Amino acid sequence: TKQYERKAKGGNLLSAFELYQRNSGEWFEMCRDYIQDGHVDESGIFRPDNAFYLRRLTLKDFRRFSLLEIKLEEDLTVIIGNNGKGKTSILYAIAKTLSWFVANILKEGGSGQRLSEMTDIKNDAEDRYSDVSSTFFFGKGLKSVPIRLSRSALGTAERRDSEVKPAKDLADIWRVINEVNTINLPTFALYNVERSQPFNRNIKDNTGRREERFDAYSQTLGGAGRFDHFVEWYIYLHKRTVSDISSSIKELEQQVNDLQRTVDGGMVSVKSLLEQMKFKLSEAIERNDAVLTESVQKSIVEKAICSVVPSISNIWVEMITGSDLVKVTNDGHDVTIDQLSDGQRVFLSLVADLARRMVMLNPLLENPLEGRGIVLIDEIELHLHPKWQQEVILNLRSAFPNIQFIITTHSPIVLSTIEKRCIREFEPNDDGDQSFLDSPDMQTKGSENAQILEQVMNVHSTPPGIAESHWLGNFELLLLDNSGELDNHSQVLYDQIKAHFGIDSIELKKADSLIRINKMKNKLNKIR
Amino acid sequence: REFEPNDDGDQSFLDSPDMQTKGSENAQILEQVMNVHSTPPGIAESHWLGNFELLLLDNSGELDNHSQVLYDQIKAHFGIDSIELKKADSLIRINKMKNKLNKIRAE
Amino acid sequence: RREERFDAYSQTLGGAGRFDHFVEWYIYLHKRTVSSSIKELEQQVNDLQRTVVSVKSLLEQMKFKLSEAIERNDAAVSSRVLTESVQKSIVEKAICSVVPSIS
Amino acid sequence: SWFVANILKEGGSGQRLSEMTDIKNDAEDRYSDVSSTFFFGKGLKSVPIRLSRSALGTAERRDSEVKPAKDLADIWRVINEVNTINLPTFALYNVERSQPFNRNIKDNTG
Amino acid sequence: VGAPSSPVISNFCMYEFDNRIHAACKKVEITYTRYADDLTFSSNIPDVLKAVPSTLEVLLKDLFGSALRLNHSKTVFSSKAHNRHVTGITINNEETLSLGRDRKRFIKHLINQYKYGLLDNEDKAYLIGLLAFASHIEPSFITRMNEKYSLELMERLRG
Amino acid sequence: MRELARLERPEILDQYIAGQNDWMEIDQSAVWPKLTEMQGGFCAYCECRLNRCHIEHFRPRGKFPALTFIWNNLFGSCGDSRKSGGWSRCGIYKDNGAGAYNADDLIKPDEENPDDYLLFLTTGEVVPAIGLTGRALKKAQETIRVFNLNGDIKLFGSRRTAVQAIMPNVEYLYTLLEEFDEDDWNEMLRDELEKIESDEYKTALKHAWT
RNA sequence: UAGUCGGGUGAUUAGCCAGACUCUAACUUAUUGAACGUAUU
Ligand SMILES: Nc1ncnc2c1ncn2[C@@H]1O[C@H](COP(=O)(O)OP(=O)(O)O)[C@@H](O)[C@H]1O
Ligand SMILES: [Mg+2]
Ligand SMILES: [Zn+2]
């Protein structure tokens, strides 16, 4: 129609797509370029011309919330608060919304997930229904993609409908354009606390193929990832790389060259091995010679894991014992995945799963980890030592520079690495009627952890329930009661401080300082 | 009972920390017991107050062009009533007093 | 577990002749047989360890071979066994000889 | 686990060390030992227990020494059988405690 | 919506609502208008518009119970920091009504096409209709187009 | 808290009379210049820097309708209910967070010197001054409770950190006394006390210096 | 900085130039009906 033509020529994606569907060249190319066009910035990072991210979320009578609005950052949003403030509820609400995009990229008219009629409606809500409303942004040609998930309480006669058609409309564009000519696709993932699980190599999923591209969407919003699928996929990649003959020739050529250098260096004991390898190389060359995309995929993931996970310097597959084993170099020692600590394993699992999905969904990017998507992480500090908490957000953002991360944390150490604008904070005595969340007043990035505790997390830097925590205060008061001189009572307490905290303690130094200052003040007073 | 940070698995006995933890400040426990800096080392702004102090010491305690720039950066990033700025202000004031003493002694 | 001579008597009089057990076993043997004295092997492992990045795969293979040689050396007279390569070959020939239309 | 097993049943067996996971990878002696000493008042100042496991290749079997655990647990069991006594609680709460709640409550088997 | 009586009836049904909310807004210096189902509030005082949505919900419940409800997804705050429009009319930062830059640029495009005889009859008719609307909303824009394109061209077009 | 000196009535308060008029009607921006002259950009009760701020009825408008447009009664307090909810000290906490209170059992910083009643320990806690009994003790104790001067962690933390920043300087000045004469030394103490006039928590800093 | 407003230029829905704005904070919509603008009468 002429109206659609005008809008499409003005840069509107939905109009361009409508014209493509009715006339089924020009319009197809508009749609495809909208999704694929982008440029490399000054830092060498690919940036899509049309970004995809969640702009805004509204919750009405959902769990603890009567009516709540949240504005999200395009890059990183961190939600903080005490236990039971609804931080996990917020990520759950978002994940269910994203399930509608995933379902419709997989299948025309696919069904996403639903709000629970048993648990998700606020218990004391007078209207007996809940709404989760979201708006997504996809470039200036599609500034608003509104979705609403709704549910009425069990029993209620009036039933409240969801509104999901805009999600389906956008997901249809991705699906249809991809079928004609391959495009990069968005990644959606939820990692909740369910990600901490015991590992089992023996349990294998015989349900779908792992090398099929759309397997990247399998259980993506279930909360655990599928680390088992990663391991299967990684072994698959290894077998294909080993079986490719030229890489084997190149690898064999490299091994022969390394062995020849050792023999030239005076180690005559390895000459027998060199001759065997030279024979193997000659045989391989003689066998019919023909870079595997599989080899590149493997390399990308290995680098991602090693860059993001601090204790891991290498990861590889061994088959020589007669069973396929993934091994890692962890803190300089070669170990199996089963030997890793729970903290290391759980974090490895997160990054491995995410990297796998991004590689599978972004085949046309030089660096597939620069693809688009939304990733939700609950309790990012889960099982991490404070040392790792100081690195985790920086590492993630550097490895996945165009993902929108929405995370929850209880860690001041994590907050010390994040700008105040990214932080959303519950009011301290909320009770679930607060209307909009806001950022803290203090700048957190680069700040001391003790300040973040007190100014942002509302916790004393010294435990108030411990008597010894008050001794210095009491000591000072005693000193001031006796005109600055150590009396019997002040001396006793001084000795208690010394005995408890030690001769080199900051507390004793403070006490000493108080004595010195007060003695000098008193001397001045006497002179006057 | 604490493991040494550099333990390559051959430590005979597990031992108590040297510092008393009960009733101690969190920042001290992090640094003395858990070997973690109070500010995140991988953030540039974490080093600015340290650098500012070094610049003050290098220029005989006077606020030079370079020290002023960094002071302004600290002020701009952390804010007017930040701990970091107050510490910087404190450093300026103490160094001015130390220098005044030094001049009186020289005369 | 590792395979041991008197496993040949396990479930021999009921539970024998099951396809899945064969396939698993056969793949296992293949992986082990893909690609020398213990002292010589010990010396080769030591030399390869000193060199160790491209030779790391070869070192792991040689360490496995050494461990197997030691195990065979340590293993008892009552459990004396043919090499996995030979075992594989005999079974393959048996299958091809016996089963109709498999060559 | 050896105390618990023997409080429940005479000659009950507790849990063993794993041959695959519990032995140090570069152990020269190719076995692992867990040695524990318990205290029960001035009358029984030392209750020593050792759990042992040898690697697969088995040059020599290293046996666990659990008799003191069994002996003490027997006292609790036998005296309790005659006259009810208070019994010790043993519990491990690892990170597996974090898991979803199943709403479906199983009706009273008893 | 398609029935000729429905406009009148709908406006009547909102009469009491409009009375109450208009009066309430006037006390706190808020301007209020309604265009069918579209409610607009504006003010020069910061941090007074935040209370309006809650006030609306109460009033709707009072007058209509659960029959008429706010679409909470469509509640939007704006200011001179951001784009502001009311019923498809842009309010510019000089406090004047505007068609918006994009629409103006599109109209200029069509006039340029007409100048070189590239507009088909359908597009020509479209252009004429849109210029009448432009004349109603932003007469100054027409003056500027006359200056840019020659009064002769524009008069010829509007014949 | 600091002892305040109330200068002169602004002209706008003359017009509005209680009963006829209500506090929504008056222009706040006419009133603030005289408060900012008095208080110097800092809160009446906690002495923090004013950013989010409101004009505060010392005796509230509900309980005391007569005292509404009365210049004695008004003060510039930290926090602002318009801009954000959840503020836990000073004016807002007096009304909402603290329960019942006698208005007579509070230090009013214009009428009285708070240095008589309050003491600021370098550990960051405000405590009643040494040697108070009965009514004077009750007033010191209640002023602390009702304005939440210790119980607000944000304030407690900030005031503590402000004082511990200067305590190297306090210890360094006083060591230099056997060195120096009374004429030169008393200048330097006066120079330090001049600085703190334009700082947050200036009473807490004063008690560290003097 | 970013986003926004938009006077100009530009075979013109682009790009470029100039100037400006900043309550935590626009996402441009719908007919044949109704109303408004223009045309016809
Ligand atoms: N349907 C409901 N009605 C009312 N309160 C609810 C409902 N569901 C959950 N809650 C409350 O909401 C909180 C759930 O916290 P959660 O979303 O897990 O937050 P967090 O992750 O911050 O701990 C608890 O305070 C719980 O009692
Ligand atoms: Mg019409
Ligand atoms: Zn205050």
Side-chain angles (χ1 to χ4, degrees), chain A residues 3 5-12 15 55-56 69-74 135-138 140-146 166 420-421 423-425 435-441, chain E residues 1-11 35-38 40 42-50 73-96 98-119 123 125 127-142 144 147-149 158-159, chain F residues 82-84:
Chain A
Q3 290 82 302
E5 279 184 1
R6 287 174 199 127
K7 286 272 173 201
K9 285 206 269 188
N12 187 284
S15 299
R55 163 120 121 285
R56 213 157 208 106
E69 201 215 48
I70 312 168
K71 165 263 167 278
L72 296 106
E73 296 301 314
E74 163 177 12
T135 18
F136 296 84
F137 176 90
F138 189 38
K140 294 224 299 185
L142 183 47
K143 288 180 184 174
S144 188
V145 182
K420 157 256 259 54
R421 76 177 170 82
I423 300 171
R424 299 295 176 272
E425 145 195 73
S435 70
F436 198 22
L437 296 175
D438 210 354
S439 59
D441 222 274
Chain E
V1 67
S5 53
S6 293
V8 175
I9 301 309
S10 61
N11 276 344
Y35 198 96
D37 57 319
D38 154 303
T40 310
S42 64
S43 181
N44 284 311
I45 303 169
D47 301 314
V48 303
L49 292 176
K50 297 151 65 142
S73 76
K74 307 286 263 189
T75 296
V76 179
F77 290 80
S78 187
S79 76
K80 292 178 72 266
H82 309 285
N83 170 274
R84 299 178 295 163
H85 60 274
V86 178
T87 49
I89 299 171
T90 299
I91 303 169
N92 68 13
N93 291 340
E94 297 183 355
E95 302 152 285
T96 277
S98 170
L99 298 164
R101 173 180 261 244
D102 286 3
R103 207 193 282 272
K104 284 184 266 216
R105 282 178 76 89
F106 182 46
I107 294 162
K108 286 198 280 176
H109 164 81
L110 291 175
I111 298 168
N112 191 260
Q113 289 289 100
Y114 174 77
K115 181 170 168 247
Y116 298 118
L118 298 169
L119 275 197
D123 289 342
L127 175 55
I128 295 164
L130 196 54
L131 285 167
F133 178 72
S135 78
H136 186 53
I137 301 306
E138 194 176 29
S140 62
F141 173 72
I142 301 300
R144 287 191 303 260
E147 221 316 295
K148 186 179 168 88
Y149 285 107
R158 281 139 85 63
Chain F
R82 293 183 299 286
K83 289 174 185 296
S84 59

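Values reported hereafter were calculated over all heavy atoms of this structure, with side chains retained and with hydrogens, waters and symmetry mates removed. Just so we're on the same page: letters track the sequence lines, and every chain starts at 1.
Between the side chains of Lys50(E) and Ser435(A), no donor-acceptor pair of N or O atoms lies under 3.5 Å.
In this structure, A11(G) shows a glycosidic angle within 90 degrees of zero, which is the syn conformation. Taking the syn range as angles within 90° of 0, the glycosidic angle of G33(G) is outside it, so the base is anti.
Applying the salt bridge (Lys or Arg N to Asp or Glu O under 4.0 Å) rule to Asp441(A) yields the partners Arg52(F); only residues at least two apart in sequence or on another chain are considered. Remark: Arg82(F) engages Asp80(F) in a salt bridge (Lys or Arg N to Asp or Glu O under 4.0 Å) (not counting sequence neighbours).
Identified under the salt bridge (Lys or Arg N to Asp or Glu O under 4.0 Å) test for residues 74-85 of chain E, with sequence neighbours left out: none.
Between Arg421(A) atom CZ and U1(G) atom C1' there is a gap of 11 Å when expressed in whole angstrom units. Following rounding to the nearest Å, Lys71(A) (NZ) and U24(G) (P) show an atom-to-atom distance of 13 Å.
Adjacent nucleotides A20(G) and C21(G) have six-membered base rings whose centres lie under 5.5 Å apart with planes inclined under 30°, meeting the stacking criterion.
Contact annotation: side chain of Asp38(E) to base of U29(G), donor-acceptor pair absent below 3.5 Å.
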Report task. Encode nucleotides 33-41 of chain G as B, S and - characters from 5' to 3', where the letter depends on protein heavy atoms closer than 4.0 Å: B to the base, S only to sugar-phosphate, - to neither. Result -> BS-SBS---

Report summary line: Per-nucleotide protein contact along nucleotides 10-17 of chain G, 5' to 3', at a 4.0 Å heavy-atom cut-off (B base, S sugar-phosphate only, - neither), is BBBBBBB-

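One finds a salt bridge joining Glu138(E) and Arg144(E) here, because a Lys/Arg side-chain nitrogen approaches an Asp/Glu carboxylate oxygen to under 4.0 Å.
Contact annotation for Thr90(E): base contact, defined as any heavy-atom pair under 4.0 Å involving a base atom. As judged by a 4.0 angstrom heavy-atom cut-off over every strand, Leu437(A) is placed among the base-contacting residues.
With the nearest nucleotide of RNA chain G identified for both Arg424(A) and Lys143(A), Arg424(A) has the one nearer the 5' end.
For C27(G), one of the phosphate oxygens OP1 or OP2 lies less than 4.0 angstrom from a side-chain nitrogen or oxygen of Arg55(A). Note on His82(E): every side-chain N or O is 4.0 Å or more away from OP1 and OP2 of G3(G). Put simply, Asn93(E) has no side-chain N or O that comes within less than 4.0 Å of OP1 or OP2 on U4(G). Under 4.0 angstrom from either OP1 or OP2 of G8(G) there lies at least one side-chain N or O belonging to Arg144(E). Remark: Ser78(E) is not in phosphate contact with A26(G), judged by side-chain N or O atoms under 4.0 Å from OP1 or OP2.
Comparing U24(G), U4(G), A26(G) against the side chain of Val76(E) picks out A26(G) as the nearest. Among the nucleotides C21(G), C23(G), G6(G), the one closest to the side chain of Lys80(E) is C21(G).
Residue side chain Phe77(E) fails the stacking definition with respect to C23(G), as its ring centre and the base's six-membered ring centre are not both under 5.5 angstrom apart and under 30 degrees in plane angle.
A negative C1'-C2'-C3'-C4' dihedral is found for the sugar of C27(G), placing it in the south range.
Counting only Watson-Crick or G-U wobble pairs whose defining distances are both under 3.5 Å, the stems of 3 or more consecutive pairs in RNA chain G are G:2-5 with G:19-22, G:7-9 with G:15-17.
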